[PDB]
$ cat protein-v3.cif   # mmCIF, C-alpha atoms
data_run
#
loop_
_atom_site.group_PDB
_atom_site.id
_atom_site.type_symbol
_atom_site.label_atom_id
_atom_site.label_comp_id
_atom_site.auth_asym_id
_atom_site.auth_seq_id
_atom_site.Cartn_x
_atom_site.Cartn_y
_atom_site.Cartn_z
ATOM 1 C CA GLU A 4 -123.486 -24.790 37.154
ATOM 2 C CA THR A 5 -123.618 -28.296 38.603
ATOM 3 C CA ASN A 6 -124.664 -30.371 35.585
ATOM 4 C CA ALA A 7 -124.626 -33.794 37.287
ATOM 5 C CA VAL A 8 -128.413 -33.996 37.553
ATOM 6 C CA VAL A 9 -130.110 -35.894 34.716
ATOM 7 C CA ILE A 10 -132.820 -38.558 34.508
ATOM 8 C CA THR A 11 -134.136 -40.518 31.513
ATOM 9 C CA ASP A 12 -132.427 -38.042 29.158
ATOM 10 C CA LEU A 13 -128.775 -36.988 29.180
ATOM 11 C CA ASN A 14 -126.567 -34.437 27.411
ATOM 12 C CA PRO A 15 -123.208 -35.371 25.841
ATOM 13 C CA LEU A 16 -121.800 -31.827 25.574
ATOM 14 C CA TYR A 17 -122.778 -30.650 29.076
ATOM 15 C CA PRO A 18 -119.740 -32.290 30.759
ATOM 16 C CA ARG A 19 -117.576 -29.590 29.114
ATOM 17 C CA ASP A 20 -114.433 -31.654 29.630
ATOM 18 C CA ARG A 21 -112.440 -28.596 30.752
ATOM 19 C CA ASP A 22 -114.124 -28.842 34.146
ATOM 20 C CA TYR A 23 -113.370 -29.971 37.690
ATOM 21 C CA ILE A 24 -112.947 -33.661 38.501
ATOM 22 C CA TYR A 25 -116.097 -34.031 40.617
ATOM 23 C CA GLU A 26 -117.611 -34.664 37.199
ATOM 24 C CA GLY A 27 -116.871 -38.354 36.960
ATOM 25 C CA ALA A 28 -118.080 -41.112 39.275
ATOM 26 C CA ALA A 29 -121.045 -38.763 39.723
ATOM 27 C CA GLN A 30 -121.914 -39.004 36.026
ATOM 28 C CA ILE A 31 -121.282 -42.756 36.194
ATOM 29 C CA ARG A 32 -123.781 -43.112 39.039
ATOM 30 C CA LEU A 33 -126.241 -40.996 37.057
ATOM 31 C CA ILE A 34 -125.868 -43.225 33.994
ATOM 32 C CA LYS A 35 -126.321 -46.347 36.115
ATOM 33 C CA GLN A 36 -129.435 -44.939 37.797
ATOM 34 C CA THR A 37 -130.920 -43.937 34.442
ATOM 35 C CA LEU A 38 -130.239 -47.374 32.954
ATOM 36 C CA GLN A 39 -131.757 -49.097 35.987
ATOM 37 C CA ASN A 40 -134.873 -46.909 36.023
ATOM 38 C CA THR A 41 -135.482 -47.195 32.276
ATOM 39 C CA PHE A 42 -135.424 -51.016 32.422
ATOM 40 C CA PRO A 43 -135.180 -52.443 35.952
ATOM 41 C CA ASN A 44 -135.636 -55.995 34.652
ATOM 42 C CA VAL A 45 -132.882 -57.316 32.384
ATOM 43 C CA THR A 46 -131.651 -60.889 31.926
ATOM 44 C CA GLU A 47 -131.121 -61.346 28.164
ATOM 45 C CA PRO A 48 -133.186 -59.009 25.943
ATOM 46 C CA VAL A 49 -132.124 -60.591 22.648
ATOM 47 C CA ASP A 50 -135.465 -59.959 20.902
ATOM 48 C CA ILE A 51 -133.788 -58.503 17.798
ATOM 49 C CA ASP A 52 -132.223 -61.455 15.935
ATOM 50 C CA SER A 53 -129.716 -59.499 13.841
ATOM 51 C CA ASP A 54 -131.681 -56.263 13.371
ATOM 52 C CA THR A 55 -135.134 -57.622 12.582
ATOM 53 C CA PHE A 56 -136.665 -54.191 13.275
ATOM 54 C CA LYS A 57 -135.749 -53.227 9.707
ATOM 55 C CA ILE A 58 -137.888 -55.870 7.990
ATOM 56 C CA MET A 59 -140.314 -56.050 10.938
ATOM 57 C CA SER A 60 -140.937 -52.279 10.863
ATOM 58 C CA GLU A 61 -144.702 -52.836 11.044
ATOM 59 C CA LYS A 62 -145.146 -52.143 14.753
ATOM 60 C CA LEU A 63 -146.270 -48.528 14.257
ATOM 61 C CA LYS A 64 -148.986 -49.267 11.663
ATOM 62 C CA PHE A 65 -151.316 -51.873 13.200
ATOM 63 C CA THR A 66 -153.857 -51.635 10.392
ATOM 64 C CA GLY A 67 -152.124 -53.463 7.541
ATOM 65 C CA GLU B 4 -110.696 -43.876 20.808
ATOM 66 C CA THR B 5 -113.310 -44.901 18.238
ATOM 67 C CA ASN B 6 -115.041 -42.307 16.045
ATOM 68 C CA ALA B 7 -118.362 -44.180 15.864
ATOM 69 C CA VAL B 8 -121.723 -43.083 17.298
ATOM 70 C CA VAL B 9 -123.572 -46.396 17.675
ATOM 71 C CA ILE B 10 -123.513 -49.548 19.824
ATOM 72 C CA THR B 11 -121.115 -52.461 19.270
ATOM 73 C CA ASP B 12 -118.535 -50.004 17.953
ATOM 74 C CA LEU B 13 -115.609 -50.051 20.414
ATOM 75 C CA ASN B 14 -113.940 -52.852 22.341
ATOM 76 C CA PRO B 15 -114.581 -52.368 26.087
ATOM 77 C CA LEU B 16 -110.905 -53.326 26.470
ATOM 78 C CA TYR B 17 -109.736 -50.517 24.148
ATOM 79 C CA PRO B 18 -108.640 -48.309 27.086
ATOM 80 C CA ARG B 19 -105.989 -51.014 27.653
ATOM 81 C CA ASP B 20 -105.708 -49.792 31.273
ATOM 82 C CA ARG B 21 -102.726 -47.863 29.833
ATOM 83 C CA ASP B 22 -104.316 -45.079 27.759
ATOM 84 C CA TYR B 23 -104.111 -41.524 29.038
ATOM 85 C CA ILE B 24 -106.814 -40.361 31.432
ATOM 86 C CA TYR B 25 -107.763 -37.294 29.368
ATOM 87 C CA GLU B 26 -109.847 -39.641 27.180
ATOM 88 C CA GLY B 27 -112.348 -40.480 29.927
ATOM 89 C CA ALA B 28 -114.508 -37.464 29.124
ATOM 90 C CA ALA B 29 -114.585 -38.453 25.448
ATOM 91 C CA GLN B 30 -115.625 -41.984 26.449
ATOM 92 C CA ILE B 31 -118.435 -40.808 28.732
ATOM 93 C CA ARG B 32 -119.651 -38.390 26.053
ATOM 94 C CA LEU B 33 -119.554 -41.160 23.446
ATOM 95 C CA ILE B 34 -121.511 -43.508 25.713
ATOM 96 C CA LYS B 35 -124.112 -40.838 26.459
ATOM 97 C CA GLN B 36 -124.616 -39.845 22.821
ATOM 98 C CA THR B 37 -124.906 -43.524 21.880
ATOM 99 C CA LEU B 38 -127.535 -44.132 24.560
ATOM 100 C CA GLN B 39 -129.375 -41.023 23.359
ATOM 101 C CA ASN B 40 -129.345 -41.825 19.630
ATOM 102 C CA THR B 41 -130.161 -45.524 20.096
ATOM 103 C CA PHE B 42 -133.361 -44.620 21.999
ATOM 104 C CA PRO B 43 -134.303 -41.066 20.968
ATOM 105 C CA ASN B 44 -138.016 -41.709 21.589
ATOM 106 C CA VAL B 45 -137.736 -42.646 25.292
ATOM 107 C CA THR B 46 -139.371 -39.629 26.945
ATOM 108 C CA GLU B 47 -142.550 -41.073 28.505
ATOM 109 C CA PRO B 48 -142.223 -43.000 31.808
ATOM 110 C CA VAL B 49 -139.699 -45.845 31.977
ATOM 111 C CA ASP B 50 -142.392 -48.145 30.539
ATOM 112 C CA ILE B 51 -140.715 -51.395 31.546
ATOM 113 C CA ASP B 52 -141.473 -54.273 29.167
ATOM 114 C CA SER B 53 -138.457 -56.614 29.484
ATOM 115 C CA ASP B 54 -139.818 -58.706 26.582
ATOM 116 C CA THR B 55 -142.732 -60.256 28.500
ATOM 117 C CA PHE B 56 -140.323 -61.054 31.363
ATOM 118 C CA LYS B 57 -140.655 -64.836 30.875
ATOM 119 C CA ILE B 58 -140.014 -66.516 27.501
ATOM 120 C CA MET B 59 -140.590 -64.148 24.593
ATOM 121 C CA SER B 60 -136.844 -63.506 24.216
ATOM 122 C CA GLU B 61 -136.614 -66.730 22.161
ATOM 123 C CA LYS B 62 -140.160 -67.727 21.177
ATOM 124 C CA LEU B 63 -140.900 -64.386 19.469
ATOM 125 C CA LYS B 64 -139.906 -65.527 15.977
ATOM 126 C CA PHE B 65 -141.152 -64.367 12.572
ATOM 127 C CA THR B 66 -139.269 -65.802 9.582
ATOM 128 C CA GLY B 67 -141.807 -67.441 7.262
ATOM 129 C CA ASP B 68 -144.922 -67.757 9.414
ATOM 130 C CA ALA B 69 -146.317 -65.999 12.464
ATOM 131 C CA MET B 70 -147.150 -67.675 15.768
ATOM 132 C CA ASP B 71 -148.743 -66.838 19.127
ATOM 133 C CA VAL B 72 -152.231 -66.294 17.747
ATOM 134 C CA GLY B 73 -154.053 -63.697 19.804
ATOM 135 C CA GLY B 74 -156.605 -64.811 22.357
ATOM 136 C CA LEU B 75 -158.791 -61.718 22.180
ATOM 137 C CA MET B 76 -162.373 -61.822 23.420
ATOM 138 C CA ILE B 77 -165.481 -61.061 21.343
ATOM 139 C CA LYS B 78 -165.369 -57.902 19.201
ATOM 140 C CA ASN B 79 -168.957 -56.686 19.582
ATOM 141 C CA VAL B 80 -167.408 -53.220 19.240
ATOM 142 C CA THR B 81 -165.631 -52.388 15.988
ATOM 143 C CA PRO B 82 -167.237 -55.270 14.043
ATOM 144 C CA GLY B 83 -164.381 -57.343 12.650
ATOM 145 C CA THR B 84 -164.377 -61.121 12.352
ATOM 146 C CA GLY B 85 -167.604 -62.998 11.687
ATOM 147 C CA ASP B 86 -168.710 -63.840 15.230
ATOM 148 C CA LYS B 87 -170.498 -67.183 15.247
ATOM 149 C CA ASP B 88 -173.818 -65.950 16.645
ATOM 150 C CA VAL B 89 -174.140 -63.089 14.152
ATOM 151 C CA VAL B 90 -173.373 -65.227 11.103
ATOM 152 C CA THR B 91 -175.690 -67.994 12.318
ATOM 153 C CA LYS B 92 -178.557 -65.541 12.796
ATOM 154 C CA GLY B 93 -177.931 -63.998 9.382
ATOM 155 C CA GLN B 94 -177.850 -67.407 7.708
ATOM 156 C CA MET B 95 -181.017 -68.667 9.401
ATOM 157 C CA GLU B 96 -182.826 -65.414 8.547
ATOM 158 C CA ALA B 97 -181.709 -64.879 4.934
ATOM 159 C CA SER C 303 -107.115 -40.879 18.260
ATOM 160 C CA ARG C 304 -110.530 -40.361 16.678
ATOM 161 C CA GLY C 305 -112.209 -37.317 18.223
ATOM 162 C CA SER C 306 -109.674 -36.865 21.014
ATOM 163 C CA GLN C 307 -108.312 -33.307 21.122
ATOM 164 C CA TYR C 308 -105.197 -32.736 23.226
ATOM 165 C CA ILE C 309 -104.301 -29.236 24.402
ATOM 166 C CA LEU C 310 -100.826 -27.862 23.695
ATOM 167 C CA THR C 311 -99.153 -24.932 25.446
ATOM 168 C CA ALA C 312 -96.606 -22.462 24.051
ATOM 169 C CA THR C 313 -94.436 -20.744 26.670
ATOM 170 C CA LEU C 314 -92.763 -17.714 25.110
ATOM 171 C CA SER C 315 -89.058 -17.221 25.775
ATOM 172 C CA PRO C 316 -89.439 -14.005 27.825
ATOM 173 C CA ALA C 317 -91.603 -14.300 30.917
ATOM 174 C CA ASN C 318 -93.849 -11.557 29.512
ATOM 175 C CA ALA C 319 -94.537 -9.839 26.201
ATOM 176 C CA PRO C 320 -96.744 -6.738 25.836
ATOM 177 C CA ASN C 321 -99.309 -6.533 23.046
ATOM 178 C CA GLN C 322 -98.462 -10.157 22.244
ATOM 179 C CA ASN C 323 -100.816 -12.342 20.215
ATOM 180 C CA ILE C 324 -100.615 -15.721 18.478
ATOM 181 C CA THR C 325 -102.388 -16.797 15.273
ATOM 182 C CA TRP C 326 -101.788 -20.533 14.953
ATOM 183 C CA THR C 327 -101.433 -21.817 11.393
ATOM 184 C CA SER C 328 -101.426 -25.293 9.867
ATOM 185 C CA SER C 329 -101.222 -26.095 6.161
ATOM 186 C CA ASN C 330 -104.508 -27.480 4.848
ATOM 187 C CA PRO C 331 -106.641 -26.505 7.878
ATOM 188 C CA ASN C 332 -109.294 -28.974 6.674
ATOM 189 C CA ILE C 333 -107.545 -31.585 8.836
ATOM 190 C CA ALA C 334 -107.642 -29.388 11.954
ATOM 191 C CA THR C 335 -107.839 -25.757 13.033
ATOM 192 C CA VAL C 336 -106.257 -23.895 15.948
ATOM 193 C CA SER C 337 -105.962 -20.242 16.955
ATOM 194 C CA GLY C 338 -106.188 -17.895 19.923
ATOM 195 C CA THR C 339 -103.247 -17.723 22.323
ATOM 196 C CA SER C 340 -100.542 -19.961 23.817
ATOM 197 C CA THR C 341 -103.308 -22.503 24.468
ATOM 198 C CA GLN C 342 -103.745 -24.464 21.233
ATOM 199 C CA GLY C 343 -106.375 -27.155 21.766
ATOM 200 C CA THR C 344 -105.534 -29.235 18.710
ATOM 201 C CA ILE C 345 -108.550 -31.054 17.271
ATOM 202 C CA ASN C 346 -108.302 -34.321 15.342
ATOM 203 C CA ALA C 347 -110.615 -35.247 12.460
ATOM 204 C CA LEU C 348 -109.131 -38.322 10.762
ATOM 205 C CA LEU C 349 -107.595 -41.492 12.191
ATOM 206 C CA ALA C 350 -104.424 -41.303 10.065
ATOM 207 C CA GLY C 351 -102.273 -38.772 8.231
ATOM 208 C CA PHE C 352 -99.453 -36.809 9.843
ATOM 209 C CA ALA D 805 -102.840 -33.711 72.517
ATOM 210 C CA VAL D 806 -105.746 -32.137 70.641
ATOM 211 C CA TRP D 807 -108.315 -29.994 72.458
ATOM 212 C CA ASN D 808 -111.649 -28.807 71.047
ATOM 213 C CA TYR D 809 -112.411 -25.266 72.205
ATOM 214 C CA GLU D 810 -116.070 -25.649 71.175
ATOM 215 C CA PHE D 811 -116.969 -28.465 73.590
ATOM 216 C CA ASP D 812 -113.964 -28.611 75.971
ATOM 217 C CA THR D 813 -112.796 -32.170 75.323
ATOM 218 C CA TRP D 814 -109.279 -33.620 75.306
ATOM 219 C CA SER D 815 -107.930 -36.231 72.904
ATOM 220 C CA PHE D 816 -104.593 -37.493 71.611
ATOM 221 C CA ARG D 817 -103.210 -38.715 68.296
ATOM 222 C CA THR D 818 -100.003 -39.417 66.381
ATOM 223 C CA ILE D 819 -98.180 -37.338 63.774
ATOM 224 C CA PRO D 820 -95.520 -38.318 61.207
ATOM 225 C CA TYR D 821 -92.474 -36.833 62.957
ATOM 226 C CA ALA D 822 -93.326 -33.171 62.448
ATOM 227 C CA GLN D 823 -90.450 -30.717 62.714
ATOM 228 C CA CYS D 824 -92.873 -27.931 61.754
ATOM 229 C CA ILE D 825 -96.492 -27.438 60.695
ATOM 230 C CA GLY D 826 -98.592 -24.989 58.718
ATOM 231 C CA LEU D 827 -101.505 -24.462 56.367
ATOM 232 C CA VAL D 828 -101.166 -24.176 52.587
ATOM 233 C CA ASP D 829 -103.065 -24.950 49.406
ATOM 234 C CA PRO D 830 -102.431 -28.393 47.897
ATOM 235 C CA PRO D 831 -100.813 -29.258 44.557
ATOM 236 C CA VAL D 832 -102.696 -28.782 41.310
ATOM 237 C CA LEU D 833 -103.627 -32.475 41.312
ATOM 238 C CA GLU D 834 -105.418 -31.915 44.645
ATOM 239 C CA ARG D 835 -106.316 -28.206 44.325
ATOM 240 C CA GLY D 836 -109.051 -29.277 41.908
ATOM 241 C CA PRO D 837 -107.912 -30.923 38.679
ATOM 242 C CA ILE D 838 -109.481 -30.972 35.213
ATOM 243 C CA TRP D 839 -110.076 -33.763 32.703
ATOM 244 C CA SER D 840 -107.963 -31.942 30.111
ATOM 245 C CA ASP D 841 -104.944 -31.770 32.424
ATOM 246 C CA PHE D 842 -103.999 -35.465 32.560
ATOM 247 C CA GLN D 843 -102.553 -35.345 29.053
ATOM 248 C CA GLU D 844 -99.389 -37.081 30.298
ATOM 249 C CA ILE D 845 -100.938 -39.189 33.092
ATOM 250 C CA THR D 846 -102.420 -42.647 32.561
ATOM 251 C CA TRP D 847 -104.164 -45.393 34.534
ATOM 252 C CA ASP D 848 -100.770 -46.977 35.335
ATOM 253 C CA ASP D 849 -100.520 -44.796 38.499
ATOM 254 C CA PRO D 850 -97.076 -43.362 37.654
ATOM 255 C CA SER D 851 -96.097 -42.772 41.309
ATOM 256 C CA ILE D 852 -99.588 -41.430 42.144
ATOM 257 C CA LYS D 853 -102.306 -43.710 43.521
ATOM 258 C CA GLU D 854 -103.794 -41.850 46.502
ATOM 259 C CA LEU D 855 -106.237 -39.903 44.341
#
$ encode --input "protein-v3.cif" --output "structure tokens"
Amino acid sequence: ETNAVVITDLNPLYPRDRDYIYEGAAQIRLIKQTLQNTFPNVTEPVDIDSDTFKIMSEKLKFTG
Amino acid sequence: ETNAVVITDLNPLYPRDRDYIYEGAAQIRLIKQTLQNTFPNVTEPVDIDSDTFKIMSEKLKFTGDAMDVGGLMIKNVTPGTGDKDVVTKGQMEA
Amino acid sequence: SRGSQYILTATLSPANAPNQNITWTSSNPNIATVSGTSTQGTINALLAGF
Amino acid sequence: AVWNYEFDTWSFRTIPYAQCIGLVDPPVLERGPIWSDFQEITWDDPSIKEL
């Protein structure tokens, strides 16, 4: 039943709020570990410039 | 508590340090669903990129002209550009 | 607030009641819906409107 | 004066002026609480901090 084991992919409805309090700082540590593992190098990733992905949506089609 | 599902949607100070504690679960769930929907394709390894780690956070610009021309090597495979030797041989042969 | 759903309790006057059952009602259930027993679990949909 | 009957060692300590003593389950806030129970409690520690 212990649902505080997740890595690289989480579940919002697993906490099932009507549950004991051990769910908490445990989930916070899990979120922190996941964020650190996904990108353990972060200073200022501002490579968007006000949602440029919309007009620059050409990354998936490197032919044209 | 906000009713949004995306990033930059709720003031981190919205709890006020005075709101009731029963909202913590709804905040954690909101954060988790936001992290999931903002990167639904992250399933392969962490694949750290960090935007080149050095300078590309500001130099990577594309508004009216592209920059950072690629420094690829010769393309003997998948014949693309007109490599100098090939075109010279073709011209001298005719 | 938005999304938050607070649970309400209804303690009957007598300490016990046999064959008792509650069917919670609220005009225009499109705003929220509740049913079951003394435990309500009110759900909120909008950010305004009493 | 506390004595461990598993390793036969003596030790002492202090108690908060005990007229009696006993074992019992703790309050609901310490018997295992639930997120959807603090509907009236907030982060302003209303007389409860040692949680």
$ atom_distance --input "protein-v3.cif" --atom1 "CA of residue 52 (chain B)" --atom2 "CA of residue 69 (chain B)"
21.0 Å
$ resolve_selection --input "protein-v3.cif" --expression "the PyMOL selection byres ((chain C) within 7 of (chain B))" --output "list in words"
residues 303, 304, 305 and 306 of chain C
$ closest_residue --input "protein-v3.cif" --among "D:823, D:839, D:809, D:814" --to "residue 27 (chain A)" --atoms "all atoms listed in the file"
D:839
$ resolve_selection --input "protein-v3.cif" --expression "the PyMOL selection byres ((chain B) within 7 of (chain D))" --output "PDB file with C-alpha atoms, in the frame of the given file"
ATOM      1  CA  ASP B  20    -105.708 -49.792  31.273  1.00  0.00           C
ATOM      2  CA  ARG B  21    -102.726 -47.863  29.833  1.00  0.00           C
ATOM      3  CA  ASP B  22    -104.316 -45.079  27.759  1.00  0.00           C
ATOM      4  CA  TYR B  23    -104.111 -41.524  29.038  1.00  0.00           C
ATOM      5  CA  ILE B  24    -106.814 -40.361  31.432  1.00  0.00           C
ATOM      6  CA  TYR B  25    -107.763 -37.294  29.368  1.00  0.00           C
ATOM      7  CA  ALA B  28    -114.508 -37.464  29.124  1.00  0.00           C
TER       8      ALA B  28
END
$ closest_residue --input "protein-v3.cif" --among "A:46, A:40, A:11, A:5" --to "residue 58 (chain B)" --atoms "all atoms listed in the file"
A:46
$ residues_near_point --input "protein-v3.cif" --point "(-102.6, -32.6, 76.5)" --cutoff "8 Å" --atoms "only C-alpha atoms" --output "list in words"
residues 805, 806, 807, 814, 815 and 816 of chain D
$ closest_atom_pairs --input "protein-v3.cif" --of "chain C" --to "chain A" --cutoff "12 Å" --atoms "only C-alpha atoms" --output "Markdown table"
| residue | atom | partner | partner_atom | distance |
| --- | --- | --- | --- | --- |
| C:306 | CA | A:20 | CA | 11.1 |
| C:307 | CA | A:20 | CA | 10.6 |
| C:308 | CA | A:21 | CA | 11.2 |
| C:309 | CA | A:21 | CA | 10.3 |
| C:343 | CA | A:21 | CA | 10.9 |
$ resolve_selection --input "protein-v3.cif" --expression "the PyMOL selection byres ((chain A) within 6 of (chain D))" --output "ChimeraX atom specification"
/A:20-24
$ closest_atom_pairs --input "protein-v3.cif" --of "chain A" --to "chain B" --cutoff "9 Å" --atoms "all atoms listed in the file" --output "tab-separated table"
residue	atom	partner	partner_atom	distance
A:11	CA	B:46	CA	7.0
A:12	CA	B:39	CA	7.2
A:13	CA	B:35	CA	6.6
A:14	CA	B:35	CA	6.9
A:15	CA	B:32	CA	4.7
A:16	CA	B:32	CA	6.9
A:17	CA	B:32	CA	8.9
A:18	CA	B:28	CA	7.5
A:19	CA	B:28	CA	8.5
A:20	CA	B:28	CA	5.8
A:27	CA	B:28	CA	8.2
A:30	CA	B:31	CA	8.3
A:31	CA	B:31	CA	8.2
A:34	CA	B:35	CA	8.1
A:40	CA	B:49	CA	6.4
A:41	CA	B:49	CA	4.4
A:42	CA	B:51	CA	5.4
A:43	CA	B:51	CA	7.2
A:44	CA	B:53	CA	5.9
A:45	CA	B:53	CA	6.3
A:46	CA	B:53	CA	8.4
A:47	CA	B:60	CA	7.3
A:48	CA	B:60	CA	6.0
A:49	CA	B:60	CA	5.8
A:50	CA	B:60	CA	5.0
A:51	CA	B:60	CA	8.7
A:52	CA	B:64	CA	8.7
A:59	CA	B:65	CA	8.5
$ closest_residue --input "protein-v3.cif" --among "C:323, C:311, C:330, C:318" --to "residue 342 (chain C)" --atoms "all atoms listed in the file"
C:311
$ axis_aligned_box --input "protein-v3.cif" --around "region 26-37 of chain A" --padding-each-side "5 Å" --output "lines of an AutoDock Vina configuration file"
center_x = -123.9
center_y = -40.5
center_z = 36.9
size_x = 24.0
size_y = 21.7
size_z = 15.7
$ atom_distance --input "protein-v3.cif" --atom1 "CA of residue 37 (chain A)" --atom2 "CA of residue 9 (chain A)"
8.1 Å
$ closest_residue --input "protein-v3.cif" --among "C:348, C:320, C:341, C:326" --to "chain D" --atoms "all atoms listed in the file"
C:341
$ residues_around --input "protein-v3.cif" --residues "residue 331 (chain C)" --least-positions-apart "5" --cutoff "12 Å" --atoms "only C-alpha atoms" --output "MDAnalysis selection string"
chainID C and resid 326 336:337 344:347
$ residues_near_point --input "protein-v3.cif" --point "(-166.0, -62.6, 21.3)" --cutoff "10 Å" --atoms "all atoms listed in the file" --output "list in words"
residues 74, 75, 76, 77, 78, 79, 80, 84, 85, 86, 87 and 88 of chain B
$ atom_distance --input "protein-v3.cif" --atom1 "CA of residue 314 (chain C)" --atom2 "CA of residue 340 (chain C)"
8.2 Å
